[PDB]
């Protein structure tokens, strides 16, 4: 029932505006307040602000009014505006619930999180190259196939296997920052070698900032 979900642009150029919305369901924005928290990649958590049930707002002084938090009770969604975006702002933005209009009401339910990257670089679709199983007898009955997602910007990328059906024994690796400044990652599955001629292994890559959705089949070459 009680749910909060963030939604906003994946890629915002610097010196522009960042507008994120926290659509909530399960409770009324006329009795609960909504906080804003961001988490830079690898670093800790930073509190941004909060608009309470009765509309009173408290911002973090460090943010130098670059913050504008508004609310629309009837449409049950909270808003967030960041101005004068610098490279430091690249992080993951959350929202959380709190009762009443006083700081001593602890927050409880959190959102899923949304990624926002502030860079002048353009969005680029990923290139999906297949990692063939090949090998020989590949140990005693195993097999390793996988997909390689190379040269994309920015994050994130979501990799399913067999349209989600195959999940057991899957490792999708965290991205790395290539020398060019783009990202690159891979996803692998460990499947029985006997099933290499009697099961189809496709990987589905979704890169929302470039609307790139590629479905590449990984067929052995032996």
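Numbering follows the first chain given and starts at 1.
Q: Quick one: higher average CA temperature factor, 20-28 or 206-214?
A: Mean CA B-factor is higher for 206-214.
Q: For the higher mean C-alpha B factor in the entry, choose 132-140 or 88-96.
A: It is 132-140.
Q: Select one of 186, 65, 56, 190: the residue whose C-alpha shows the highest B-factor in the crystal structure entry.
A: In the PDB entry, the greatest C-alpha B-factor among 186, 65, 56, 190 is found at 65.
Q: Of the choices 45, 51, 170, 177, which one's C-alpha carries the largest B-factor in the record?
A: Answer, based on the entry's C-alpha B-factors: 177.
Q: Going by the recorded CA B-factors, say which third of the chain residue 7 sits in, lowest, middle or highest.
A: For residue 7, whose C-alpha B-factor we compare with every modelled residue in the chain, the answer is the middle third.
Q: Per the entry's values, where does residue 33 land by CA temperature factor relative to the rest of its chain, in the lowest, middle or highest third?
A: Tercile = lowest for this residue's CA B-factor.
Q: Among the modelled residues of its chain, does the C-alpha B-factor of residue 118 lie in the lowest, middle or highest third?
A: CA B-factor rank for residue 118: highest third.
Q: Grab the CA temperature factor for residue 75 from the record and place it in the lowest, middle or highest third of its chain.
A: Middle third, going by the recorded CA B-factors of the chain.
Q: Where does residue 148 sit by CA temperature factor within its chain: lowest, middle or highest third?
A: Answer is middle: the recorded C-alpha B-factor places it there.
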